[PDB]
Ligand SMILES: [Mg+2]
Ligand SMILES: [Mg+2]
Ligand SMILES: [Mg+2]
Ligand SMILES: [Mg+2]
Ligand SMILES: [Mg+2]
Ligand SMILES: [Mg+2]
Ligand SMILES: [Mg+2]
Ligand SMILES: [Mg+2]
Ligand SMILES: [Mg+2]
Ligand SMILES: [Mg+2]
């Protein structure tokens, strides 16, 4: 109001703004210091002789001859095999509720890693040994939403919080190659390559996704009702019957273990220029993309 | 001595020629053009400097790996010596460690 | 008799009201005040950031600069591999080569090592905000004039000079059209023979050109084009991938 | 300045002009081909991937041939591709 | 053939009957339905603002600059704008216009 | 004056001469053709059937997957044997 | 080249258009009850008739942030302040004084339209600005 108008009407009486009367913001550009004059000349900030003035200082970490500090310490496997450990970006229910309330993530449709990246809810870097997101229990008290979310890892409390409101949470595995496709489908669709089928989890991760307690995507569906009741009793909430819900079909919507997106079988070629999808008909190709 | 006794010829400058009056045009080709083009693509010059910046050691290293196979034998030999000297200077000489 | 009114297409913040500007015509010496034009406050009435203008102006001048100056160091000067005189006995100063910086005709100790690139990129929002401040400064100083079209009655360059002097625009006037292929031939022939009256498309708008020219002239399609382009930066997601790739709702 | 073509391309550039360009087409194929000779002085890996014992990861492996010096006397006999190492 | 008219001076002096003249244009644009609080009439409509200001420009020979259009929220602001005189005299003439002392001389070699 | 025509991204696929020694080898392979088809659709002129692996390449692709990526039953059986060994 | 035959279809392309991310941030949907479970609250309509105005960020949140320099200098920044920023300083001073027991040390940047306050008052000022309806 007052400030905005005062800043422009005062500019009217001033001369024309041109390339001459411009200047940088004060304090934004330090003056350059050069070895000239009495103050900054003579030895020019280097001292009296020695390696310091002559620029022949020893390497960083050298301690004049004695065993260096970074050498006399014993080696321990703190960072050994760091590039082969799996990383998971945490996803708090506070963050998930924050995205839902602002409309960035629609709860009316199944939620996968693609939708989280679309809403800028998480930043996944497959090149940095990321393998997905882990659903953490932070803010589980104030979470109130019925969603069908799929996350690579999930804590026991976070699973209970979603299932308390009538939602469904499932855990699925994505290989590093498939993970980059899920996060940014558009850059992959411009490579002219058929959609690949995601590979099964490594032998160590098979027990996690074959157990109904972890809500694995490769687990026996017959054990899901048993596991959901135990969480309902443990944390003291009545397990809702999602069969009677109107969104039952949407909640049950799950992708195949070999499938990347919904309704896009592996082997298809997305042609965004013509808005067409190409499906191979070769018997050998069909056997490769369905096995 | 060392100072001229006559004024130099006047320096007439045309501030409204084709190059000056059209300097800065299309510098917003990306923002105003649906990001089909990039303002760094407007840059002309050496193929190892288009849309890139670095110190002298990096410029020599980048130049050698891009146009090194096209350089003359004497010019390539000088570039290799410069990289050898700059490597020793930056990584072994200086005030700070 | 038939006013030409332009409304704001994009939503306007409730706490700010749009600013007006006279719509004029180039079809006559006294064909001004064709109508009123609504200008979005965020574009033509933002804060007068003179410091932001300087960094955007300095960016355009320096980012595309390539300095080709280069001298030869003591290793590149021809010859000079031989030690001139023995280390001791001659009674003269000790030298190892005749091409050292101390010697006449030798190398340069710390000289230019071109070609050098000064390329750097300001953030996209900073460059887009530089345009808004540039547009706001022109309007606040009564140097911005809105038009409906760039059609002149004649292609005579003398007509354009007299039209600008009668309305007291200034010594230099920058004319902006929506596109390059839709520019009327009347204004193309009139400006191509002029030195201070330049014609550029909407995409060729920049802070350096606007500050160089005393008067800025815009058409109605150009104003709508600028607001659509500039206000898109104010409310947009952080880019997952460069916008040149397909998106849900880009381009508008 | 710079050359129009890289220096390593000059050998194949001289085959574009002169009497070399008039050589039979089938002969020019036999020279421009760079078929890798059968390993003699080193054991090939046999596979494209191996498991590195230290970290237990599937890493790529490549067969790098060992340079072989053939003396001029080797051109008057049949050494079977062998030569001085 | 198109001949350029002679350049118009920027000097402007507010007429004494400006308020009566302005009130006449108000009734023309906004009708005779509302003759009370005519200075409080809002110029939100683009047609009404354009008609009122264009008539004044053609009549008084002084148009409202674009830096002032947004400030014309009511006709009251329009009246105050035209009550401000404008001087187009050069600096040399303005200096000589003042009562220069006998010991002060100004030369203009331009 | 008048500004020069704006620099535009030249539309249409860019097919260099394969007989030119100054043509980079990455602009003459199938991957370059595959990327052109995805960007420009049928206007690229590339036969869409070439995007899928050839029957000779399909056999190699299956051979690699079989050796390094086992089936679910293979991994489940391996875990059971290892678990019994640990127990 | 004996390529395998293929079939081109468009009915399955509806599953591709849902994978395209959007560039523009969507406007928050209207909710029956406010504030939302996450604590977000839409700006009041009509805007308050104050000499100043603090507009929401592009993410529709209160533009109050914590700043730290030198590792020990704790600061709170109020951004996107329009109008009379000096009236906002007086209101902030009269609100934080009881909490601190002394007049807050504040810096007013007219050019950038930002108010910088020494100390952490992030959650305190966010609740305070929601009361005024910004
Ligand atoms: Mg001293
Ligand atoms: Mg000193
Ligand atoms: Mg001295
Ligand atoms: Mg010492
Ligand atoms: Mg150093
Ligand atoms: Mg030498
Ligand atoms: Mg020697
Ligand atoms: Mg020496
Ligand atoms: Mg020399
Ligand atoms: Mg900071």
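Heads up, the Cβs are rebuilt from the backbone with ideal geometry, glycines too, and the neighbour counts pull from every protein chain shown. Nothing in this text is a laboratory measurement; each read-out follows from the coordinates by a stated rule.
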Residue count for segment E:72-110, restricted to those that are under 30 Å from residue E:40 (Cβ atoms) and without any contact (Cβ under 8 Å) to a residue 24 or more places away in the chain: 3
Breaking point among (1) without any contact (Cβ under 8 Å) to a residue 24 or more places away in the chain; (2) out of contact with any strand residue (DSSP E or B) (no Cβ under 9 Å at 6 or more places or on another chain); (3) under 26 Å from residue F:33 (Cβ atoms); (4) not in a helix (DSSP H, G or I), for residue A:260: (1)
Residues located in segment G:106-134, provided they are farther than 20 Å from residue G:52 by Cα and assigned to a loop (DSSP other than H, G, I, E, B): G:119, G:120
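Condition check ((1) within 14 Å of chain A (Cβ to nearest Cβ); (2) within 16 Å of ligand 7 (Cβ to nearest atom)) across all residues:
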| residue | (1), (2) |
| --- | --- |
| C:24 | no, no |
| C:34 | no, no |
| C:38 | no, no |
| C:41 | yes, no |
| C:76 | no, no |
| C:82 | no, yes |
Filter result for the condition that a residue is at negative phi, part of a loop (DSSP other than H, G, I, E, B), without any contact (Cβ under 8 Å) to a residue 12 or more places away in the chain and more than 20 Å from the chain's Cα centre (by Cα), over D:50, D:54: D:54
Elements of type helices (runs of 4 or more DSSP H) in segment C:112-209, at least 3 residues being within 23 Å of residue C:43 (Cβ to Cβ): C:124-140
Checking residue E:8 against (1) more than 14 Å from chain C (Cβ to nearest Cβ); (2) in contact (Cβ under 8 Å) with a residue 24 or more places away in the chain, the condition it does not meet: (1)
Test result for residue A:22, assigned to a helix (DSSP H, G or I), within 14 Å of chain C (Cβ to nearest Cβ) and touching a helix residue (DSSP H, G or I) at 6+ places or on another chain (Cβ under 8 Å): no
Segment D:67-82: number of residues that are surrounded by 10 or more Cβ atoms within 10 Å (Cβ to Cβ) and without any contact (Cβ under 8 Å) to a residue 40 or more places away in the chain: 4
Scan of segment F:1-38 for residues that are surrounded by fewer than 16 Cβ atoms within 10 Å (Cβ to Cβ), within 28 Å of residue B:31 (Cα to Cα) and within 14 Å of chain A (Cβ to nearest Cβ), ordered by number: F:11, F:12, F:13
Lone unmet requirement of (1) in contact (Cβ under 8 Å) with a residue 12 or more places away in the chain; (2) within 23 Å of residue C:49 (Cα to Cα); (3) exposed (fewer than 14 other Cβ atoms within 10 Å of the Cβ) for residue G:111: (1)
From G:63, G:98, residue being away from chain A (no Cβ under 13 Å) and over 20 Å from the mean Cα position of the chain (by Cα): G:98
Test for residue A:43: is it within 48 Å of the chain's Cα centre (by Cα) and either over 30 Å from residue C:170 (Cα atoms) or away from ligand 2 (no atom under 16 Å from the Cβ) (or both): no
Selection from segment A:74-117 of residues that are in contact with a helix residue (DSSP H, G or I) (Cβ under 8 Å, 6 or more places away or on another chain), surrounded by fewer than 18 Cβ atoms within 10 Å (Cβ to Cβ) and within 30 Å of residue A:202 (Cα to Cα): A:87, A:109
Hits in segment C:178-200 - residues which are touching a strand residue (DSSP E or B) at 6+ places or on another chain (Cβ under 8 Å), farther than 18 Å from residue C:138 by Cβ and either within 10 Å of chain B (Cβ to nearest Cβ) or surrounded by fewer than 24 Cβ atoms within 10 Å (Cβ to Cβ) (or both): C:178, C:179, C:180, C:183, C:187, C:188, C:192
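For every residue, the table says whether it meets (1) closer than 30 Å to residue A:141 by Cα; (2) surrounded by 15 or more Cβ atoms within 10 Å (Cβ to Cβ).
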position	(1), (2)
A:229	yes, no
A:232	yes, yes
A:255	yes, yes
A:262	no, yes
A:272	no, yes
A:280	no, yes
Qualifying residue in segment F:57-68 (condition: out of contact with any strand residue (DSSP E or B) (no Cβ under 8 Å at 6 or more places or on another chain), more than 30 Å from residue A:206 (Cβ to Cβ) and within 14 Å of chain G (Cβ to nearest Cβ)): no
Filtered residue count, segment A:1-31, keeping only those that are closer than 26 Å to residue C:16 by Cβ and exposed (fewer than 10 other Cβ atoms within 10 Å of the Cβ): 1
Number of the condition not met by residue B:56 [criteria: (1) surrounded by fewer than 17 Cβ atoms within 10 Å (Cβ to Cβ); (2) in contact with a strand residue (DSSP E or B) (Cβ under 8 Å, 6 or more places away or on another chain); (3) more than 10 Å from chain C (Cβ to nearest Cβ)]: (3)
Selection status of residue E:101, away from chain C (no Cβ under 11 Å), surrounded by 11 or more Cβ atoms within 10 Å (Cβ to Cβ) and in a loop (DSSP other than H, G, I, E, B): no
Which numbered condition residue C:71 misses (of (1) in contact (Cβ under 8 Å) with a residue 24 or more places away in the chain; (2) away from ligand 9 (no atom under 16 Å from the Cβ)): (2)
Test: residue in segment C:80-98 that is away from ligand 6 (no atom under 14 Å from the Cβ) and within 30 Å of residue B:32 (Cβ to Cβ): no
Test: residue in segment A:40-47 that is within 14 Å of chain C (Cβ to nearest Cβ), within 16 Å of ligand 4 (Cβ to nearest atom), assigned to a loop (DSSP other than H, G, I, E, B) and more than 30 Å from residue A:142 (Cβ to Cβ): yes
Residue among A:56, A:114 that alone is away from ligand 8 (no atom under 16 Å from the Cβ) and within 14 Å of chain C (Cβ to nearest Cβ): A:114
Among (1) more than 14 Å from chain A (Cβ to nearest Cβ); (2) surrounded by 14 or more Cβ atoms within 10 Å (Cβ to Cβ) - the single one residue C:47 does not satisfy: (1)
Subset of segment G:80-97 [within 17 Å of residue G:127 (Cβ to Cβ) and either outside any helix (DSSP H, G or I) or touching a strand residue (DSSP E or B) at 6+ places or on another chain (Cβ under 8 Å) (or both)]: G:88, G:92, G:96
Residue check, residue C:64 within 19 Å of residue C:122 (Cβ to Cβ), more than 14 Å from chain A (Cβ to nearest Cβ) and away from ligand 6 (no atom under 16 Å from the Cβ): yes
